[PDB]
Amino acid sequence: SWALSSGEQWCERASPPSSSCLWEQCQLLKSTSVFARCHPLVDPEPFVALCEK
Amino acid sequence: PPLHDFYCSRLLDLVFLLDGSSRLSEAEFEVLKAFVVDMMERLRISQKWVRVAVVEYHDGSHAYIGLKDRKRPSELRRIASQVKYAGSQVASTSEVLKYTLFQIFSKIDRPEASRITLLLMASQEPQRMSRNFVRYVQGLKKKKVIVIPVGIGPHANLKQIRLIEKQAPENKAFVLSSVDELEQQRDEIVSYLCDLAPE
């Protein structure tokens with residue numbers, strides 16, 4: 001809904017990619033000591049979820 | 001003479017358990033030393049009112065200041081700031097608990113005050129070394145001792161935390177994510193300790 005078509009470029013409805021998705025290093029956001037300092041400020045759950053994706 | 005705002009000038013017996021595992025880096029261990037120094041700075045440090053003892057455990061107790069020691073509080077500050085960084089690969093909560101139960105608090109001579117142990121865990125003791133953990137916690141409970149676990153780091157064993165609380169009415173856990181939170185919660189911790197004031 002926020003696409004801005006130009007004269008030479010015309011917007012087309014973008015759709016979610018048609019694809020199908022163990023490293024698991026994303027756990028560092030909640031396991032490493034340095035990262036965990038942020039847990040009081042910002043919840044790492046969304047970030048780790050995006051990392052899993 | 002309170003340095004900034006607080007002076008818990010009441011009969012008390014206090015022991016610290018600065019962790020010596022490698023999980024707390026050199027800077028983190030220095031922050032912990034700053035915590036303990038700034039903590040005792042706001043207490044009436046004297047055998048008459050407050051007894052302070054720092055016991056670094058790196059798989060073996062390394063008591064630098066004993067609760068029986070009688071020296072100038074400035075000297076105690078200096079010693080606390082001078083606690084060396086062990087940097088051991090594995091600490092032992094059970095070992096330090098046994099040390100405090102048998103060799104530090106086993107010869108009651110001042111019931112006027114209370115017994116409080118600040119277990120500042122920052123690493124997971126191997127399960128093979130946790131055979132007598134509950135036994136020592138209960139034994140300290142019999143001796144009128146309140147254990148205040150502090151889960152400093154993310155690796156701080158949390159199963160033992162709230163398990164010390166489970167086997168006691170007053171055992172309160174202060175689970176933190178980093179040593180930085182110690183400065184934030186210093187006032188809260190000293191307040192909580194002074195709620196259980198022996199007067």
# chains A, B, ... in the order shown; residues from 1 in each chain; ligands from 1
$ interface_residues --of "chain A" --to "chain B" --cutoff "9 Å" --atoms "only C-alpha atoms" --output "list in words"
residues 30, 31, 32, 33, 34, 36, 37, 38, 39 and 40 of chain A
$ write_last_selection --atoms "N, CA, C and O atoms" --output "short mmCIF file (atom, residue, chain, number, x, y, z; two decimals), in the first residue's frame"
data_model
loop_
_atom_site.label_atom_id
_atom_site.label_comp_id
_atom_site.auth_asym_id
_atom_site.auth_seq_id
_atom_site.Cartn_x
_atom_site.Cartn_y
_atom_site.Cartn_z
N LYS A 30 20.93 -15.11 23.08
CA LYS A 30 20.42 -15.39 24.42
C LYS A 30 21.37 -16.23 25.26
O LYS A 30 21.09 -16.44 26.45
N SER A 31 22.47 -16.71 24.69
CA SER A 31 23.42 -17.55 25.40
C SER A 31 24.74 -16.83 25.69
O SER A 31 25.26 -16.94 26.80
N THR A 32 25.29 -16.12 24.72
CA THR A 32 26.54 -15.41 24.94
C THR A 32 26.35 -14.33 26.00
O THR A 32 25.31 -13.67 26.07
N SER A 33 27.37 -14.15 26.84
CA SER A 33 27.28 -13.18 27.92
C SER A 33 27.12 -11.77 27.39
O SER A 33 26.32 -10.98 27.91
N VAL A 34 27.88 -11.42 26.35
CA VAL A 34 27.87 -10.04 25.85
C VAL A 34 26.48 -9.66 25.36
O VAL A 34 25.95 -8.60 25.71
N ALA A 36 23.55 -10.96 26.10
CA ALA A 36 22.50 -11.00 27.11
C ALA A 36 22.41 -9.72 27.92
O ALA A 36 21.40 -9.50 28.59
N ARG A 37 23.44 -8.86 27.87
CA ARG A 37 23.35 -7.58 28.56
C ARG A 37 22.15 -6.77 28.07
O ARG A 37 21.64 -5.93 28.81
N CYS A 38 21.71 -7.02 26.84
CA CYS A 38 20.62 -6.26 26.25
C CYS A 38 19.24 -6.75 26.66
O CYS A 38 18.26 -6.02 26.49
N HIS A 39 19.14 -7.97 27.19
CA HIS A 39 17.83 -8.52 27.52
C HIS A 39 16.99 -7.58 28.37
O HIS A 39 15.78 -7.47 28.10
N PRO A 40 17.53 -6.89 29.37
CA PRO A 40 16.71 -5.91 30.09
C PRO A 40 16.11 -4.85 29.18
O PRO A 40 15.00 -4.39 29.44
#
$ select_by_dssp --residues "segment 2-110 of chain B" --states "alpha helix (DSSP H)" --output "ChimeraX atom specification"
/B:26-40,73-81,93-99
$ residues_around --residues "segment 126-128 of chain B" --least-positions-apart "5" --cutoff "9 Å" --atoms "only C-alpha atoms" --output "PyMOL selection string"
chain B and resi 90-92
$ write_last_selection --atoms "N, CA and C atoms" --output "short mmCIF file (atom, residue, chain, number, x, y, z; two decimals), in the first residue's frame"
data_model
loop_
_atom_site.label_atom_id
_atom_site.label_comp_id
_atom_site.auth_asym_id
_atom_site.auth_seq_id
_atom_site.Cartn_x
_atom_site.Cartn_y
_atom_site.Cartn_z
N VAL B 90 36.22 -24.15 35.95
CA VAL B 90 35.00 -24.64 36.58
C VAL B 90 35.00 -24.22 38.04
N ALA B 91 33.93 -23.57 38.47
CA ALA B 91 33.72 -23.26 39.87
C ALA B 91 32.92 -24.39 40.52
N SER B 92 32.63 -24.25 41.81
CA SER B 92 31.89 -25.28 42.53
C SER B 92 31.04 -24.59 43.60
#
$ residues_around --residues "residue 186 of chain B" --least-positions-apart "2" --cutoff "12 Å" --atoms "only C-alpha atoms" --output "JSON, numbers by chain"
{"B": [6, 32, 34, 35, 36, 37, 38, 39, 40, 41, 42, 150, 174, 176, 179, 180, 181, 182, 183, 184, 188, 189, 190, 191, 192, 193]}
$ select_by_dssp --residues "chain B" --states "strand (DSSP E or B)" --output "ChimeraX atom specification"
/B:12-19,21,45-46,50-57,61-65,88,115-120,145-147
$ write_last_selection --atoms "N, CA and C atoms" --output "compact mmCIF listing (two decimals), in the first residue's frame"
# COMPACT_ATOMS: atom_id res chain seq x y z
N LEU B 12 24.85 -7.97 62.31
CA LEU B 12 24.74 -8.74 61.09
C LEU B 12 26.04 -9.51 60.86
N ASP B 13 25.91 -10.69 60.26
CA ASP B 13 27.05 -11.49 59.82
C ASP B 13 26.87 -11.79 58.34
N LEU B 14 27.81 -11.33 57.52
CA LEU B 14 27.68 -11.39 56.07
C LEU B 14 28.92 -12.01 55.46
N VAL B 15 28.72 -12.87 54.47
CA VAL B 15 29.80 -13.52 53.74
C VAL B 15 29.51 -13.42 52.25
N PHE B 16 30.53 -13.06 51.48
CA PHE B 16 30.42 -12.98 50.03
C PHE B 16 31.09 -14.19 49.39
N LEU B 17 30.63 -14.54 48.19
CA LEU B 17 31.07 -15.73 47.48
C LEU B 17 31.41 -15.38 46.03
N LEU B 18 32.24 -14.36 45.85
CA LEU B 18 32.66 -13.95 44.51
C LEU B 18 33.09 -15.16 43.69
N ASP B 19 32.41 -15.38 42.57
CA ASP B 19 32.73 -16.51 41.72
C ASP B 19 34.09 -16.32 41.07
N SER B 21 35.09 -18.52 38.36
CA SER B 21 35.11 -19.25 37.10
C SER B 21 35.51 -18.33 35.95
N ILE B 45 30.80 -1.61 59.05
CA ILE B 45 31.79 -2.68 59.05
C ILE B 45 32.52 -2.69 60.39
N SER B 46 32.14 -3.64 61.25
CA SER B 46 32.79 -3.84 62.54
C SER B 46 32.19 -5.09 63.17
N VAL B 50 28.50 -5.38 61.95
CA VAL B 50 28.48 -6.09 60.68
C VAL B 50 29.80 -6.83 60.51
N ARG B 51 29.72 -8.12 60.20
CA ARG B 51 30.88 -8.95 59.92
C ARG B 51 30.86 -9.31 58.44
N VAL B 52 31.94 -9.01 57.74
CA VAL B 52 32.03 -9.18 56.29
C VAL B 52 33.17 -10.14 55.98
N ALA B 53 32.94 -11.04 55.04
CA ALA B 53 33.95 -12.00 54.62
C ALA B 53 33.77 -12.28 53.13
N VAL B 54 34.86 -12.20 52.38
CA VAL B 54 34.86 -12.47 50.94
C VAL B 54 35.54 -13.81 50.72
N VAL B 55 34.88 -14.70 49.99
CA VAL B 55 35.35 -16.07 49.79
C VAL B 55 35.26 -16.36 48.30
N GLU B 56 36.37 -16.18 47.59
CA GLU B 56 36.44 -16.55 46.18
C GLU B 56 36.64 -18.06 46.07
N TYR B 57 35.79 -18.71 45.29
CA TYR B 57 35.88 -20.15 45.07
C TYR B 57 36.17 -20.41 43.60
N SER B 61 37.90 -22.88 48.22
CA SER B 61 37.66 -21.57 48.80
C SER B 61 38.97 -20.81 48.97
N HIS B 62 38.92 -19.50 48.75
CA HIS B 62 40.09 -18.63 48.79
C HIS B 62 39.81 -17.42 49.66
N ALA B 63 39.27 -17.66 50.85
CA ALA B 63 38.86 -16.58 51.75
C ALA B 63 39.99 -15.58 51.94
N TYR B 64 39.74 -14.34 51.51
CA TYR B 64 40.68 -13.25 51.72
C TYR B 64 40.41 -12.51 53.02
N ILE B 65 39.14 -12.31 53.36
CA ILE B 65 38.74 -11.66 54.60
C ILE B 65 37.80 -12.59 55.35
N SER B 88 39.29 -19.74 36.80
CA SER B 88 39.25 -21.19 36.72
C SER B 88 38.24 -21.65 35.67
N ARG B 115 22.91 -14.93 59.71
CA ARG B 115 23.84 -15.49 58.74
C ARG B 115 23.25 -15.33 57.35
N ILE B 116 23.99 -14.65 56.47
CA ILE B 116 23.55 -14.42 55.10
C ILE B 116 24.72 -14.70 54.17
N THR B 117 24.48 -15.49 53.12
CA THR B 117 25.49 -15.85 52.14
C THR B 117 25.04 -15.38 50.77
N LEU B 118 25.91 -14.63 50.08
CA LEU B 118 25.61 -14.07 48.76
C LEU B 118 26.33 -14.92 47.72
N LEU B 119 25.64 -15.92 47.19
CA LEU B 119 26.21 -16.79 46.17
C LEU B 119 26.05 -16.12 44.82
N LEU B 120 27.14 -15.57 44.29
CA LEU B 120 27.12 -14.88 43.00
C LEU B 120 27.58 -15.84 41.90
N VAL B 145 20.75 -19.75 58.39
CA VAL B 145 21.48 -19.08 57.33
C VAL B 145 20.53 -18.84 56.16
N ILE B 146 20.60 -17.64 55.59
CA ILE B 146 19.80 -17.26 54.44
C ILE B 146 20.74 -17.08 53.26
N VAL B 147 20.52 -17.86 52.20
CA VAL B 147 21.35 -17.81 51.00
C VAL B 147 20.63 -16.97 49.96
$ atom_distance --atom1 "atom CA of residue 7 of chain B" --atom2 "atom CA of residue 194 of chain B"
9.7 Å
$ decode --residues "segment 113-180 of chain B" --atoms "C-alpha atoms" --output "PDB file, in the first residue's frame"
ATOM      1  CA  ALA B 113      23.211 -11.225  64.247  1.00  0.00           C
ATOM      2  CA  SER B 114      22.033 -13.397  61.348  1.00  0.00           C
ATOM      3  CA  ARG B 115      23.843 -15.487  58.743  1.00  0.00           C
ATOM      4  CA  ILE B 116      23.551 -14.425  55.096  1.00  0.00           C
ATOM      5  CA  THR B 117      25.493 -15.847  52.139  1.00  0.00           C
ATOM      6  CA  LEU B 118      25.606 -14.074  48.765  1.00  0.00           C
ATOM      7  CA  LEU B 119      26.212 -16.793  46.171  1.00  0.00           C
ATOM      8  CA  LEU B 120      27.118 -14.884  43.001  1.00  0.00           C
ATOM      9  CA  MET B 121      27.033 -17.789  40.577  1.00  0.00           C
ATOM     10  CA  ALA B 122      28.195 -17.159  37.021  1.00  0.00           C
ATOM     11  CA  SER B 123      28.758 -20.697  35.687  1.00  0.00           C
ATOM     12  CA  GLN B 124      27.148 -24.134  35.687  1.00  0.00           C
ATOM     13  CA  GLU B 125      28.706 -26.538  38.169  1.00  0.00           C
ATOM     14  CA  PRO B 126      28.974 -30.026  36.615  1.00  0.00           C
ATOM     15  CA  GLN B 127      26.202 -32.371  37.702  1.00  0.00           C
ATOM     16  CA  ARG B 128      28.733 -34.853  39.091  1.00  0.00           C
ATOM     17  CA  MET B 129      29.677 -32.186  41.656  1.00  0.00           C
ATOM     18  CA  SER B 130      26.048 -31.491  42.681  1.00  0.00           C
ATOM     19  CA  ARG B 131      25.615 -34.639  44.785  1.00  0.00           C
ATOM     20  CA  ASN B 132      25.375 -32.806  48.130  1.00  0.00           C
ATOM     21  CA  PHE B 133      24.045 -29.411  47.013  1.00  0.00           C
ATOM     22  CA  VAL B 134      20.587 -29.829  48.545  1.00  0.00           C
ATOM     23  CA  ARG B 135      22.127 -31.391  51.650  1.00  0.00           C
ATOM     24  CA  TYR B 136      24.385 -28.390  52.241  1.00  0.00           C
ATOM     25  CA  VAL B 137      21.563 -25.941  51.519  1.00  0.00           C
ATOM     26  CA  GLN B 138      19.394 -27.680  54.110  1.00  0.00           C
ATOM     27  CA  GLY B 139      22.266 -27.775  56.596  1.00  0.00           C
ATOM     28  CA  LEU B 140      22.754 -24.034  56.212  1.00  0.00           C
ATOM     29  CA  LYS B 141      19.003 -23.670  56.717  1.00  0.00           C
ATOM     30  CA  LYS B 142      19.318 -25.493  60.046  1.00  0.00           C
ATOM     31  CA  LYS B 143      22.152 -23.154  61.070  1.00  0.00           C
ATOM     32  CA  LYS B 144      19.854 -20.119  60.608  1.00  0.00           C
ATOM     33  CA  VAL B 145      21.483 -19.079  57.327  1.00  0.00           C
ATOM     34  CA  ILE B 146      19.797 -17.259  54.438  1.00  0.00           C
ATOM     35  CA  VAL B 147      21.347 -17.813  51.003  1.00  0.00           C
ATOM     36  CA  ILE B 148      20.728 -15.026  48.484  1.00  0.00           C
ATOM     37  CA  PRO B 149      21.605 -16.551  45.087  1.00  0.00           C
ATOM     38  CA  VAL B 150      22.569 -14.087  42.352  1.00  0.00           C
ATOM     39  CA  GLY B 151      22.479 -15.405  38.788  1.00  0.00           C
ATOM     40  CA  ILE B 152      25.012 -12.921  37.443  1.00  0.00           C
ATOM     41  CA  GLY B 153      25.587 -14.161  33.912  1.00  0.00           C
ATOM     42  CA  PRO B 154      23.439 -15.850  31.277  1.00  0.00           C
ATOM     43  CA  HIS B 155      25.418 -19.042  31.915  1.00  0.00           C
ATOM     44  CA  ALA B 156      24.709 -18.810  35.655  1.00  0.00           C
ATOM     45  CA  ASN B 157      23.068 -22.104  36.605  1.00  0.00           C
ATOM     46  CA  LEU B 158      19.422 -21.174  37.157  1.00  0.00           C
ATOM     47  CA  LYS B 159      18.191 -24.628  38.197  1.00  0.00           C
ATOM     48  CA  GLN B 160      20.113 -24.270  41.458  1.00  0.00           C
ATOM     49  CA  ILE B 161      18.588 -20.795  41.608  1.00  0.00           C
ATOM     50  CA  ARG B 162      14.996 -20.855  42.862  1.00  0.00           C
ATOM     51  CA  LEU B 163      15.948 -24.288  44.200  1.00  0.00           C
ATOM     52  CA  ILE B 164      17.876 -22.567  46.959  1.00  0.00           C
ATOM     53  CA  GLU B 165      14.768 -20.399  47.300  1.00  0.00           C
ATOM     54  CA  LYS B 166      12.496 -23.453  47.291  1.00  0.00           C
ATOM     55  CA  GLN B 167      14.276 -24.934  50.328  1.00  0.00           C
ATOM     56  CA  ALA B 168      13.974 -21.794  52.490  1.00  0.00           C
ATOM     57  CA  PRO B 169      11.436 -19.053  53.328  1.00  0.00           C
ATOM     58  CA  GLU B 170      13.746 -16.047  52.948  1.00  0.00           C
ATOM     59  CA  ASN B 171      16.169 -17.261  50.261  1.00  0.00           C
ATOM     60  CA  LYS B 172      15.690 -14.683  47.494  1.00  0.00           C
ATOM     61  CA  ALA B 173      17.197 -14.938  44.013  1.00  0.00           C
ATOM     62  CA  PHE B 174      18.476 -11.916  42.079  1.00  0.00           C
ATOM     63  CA  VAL B 175      18.811 -13.289  38.549  1.00  0.00           C
ATOM     64  CA  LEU B 176      20.726 -10.829  36.363  1.00  0.00           C
ATOM     65  CA  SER B 177      21.785 -10.882  32.721  1.00  0.00           C
ATOM     66  CA  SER B 178      25.103  -9.049  33.162  1.00  0.00           C
ATOM     67  CA  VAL B 179      27.320  -7.580  35.862  1.00  0.00           C
ATOM     68  CA  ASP B 180      26.117  -4.125  34.803  1.00  0.00           C
TER      69      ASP B 180
END
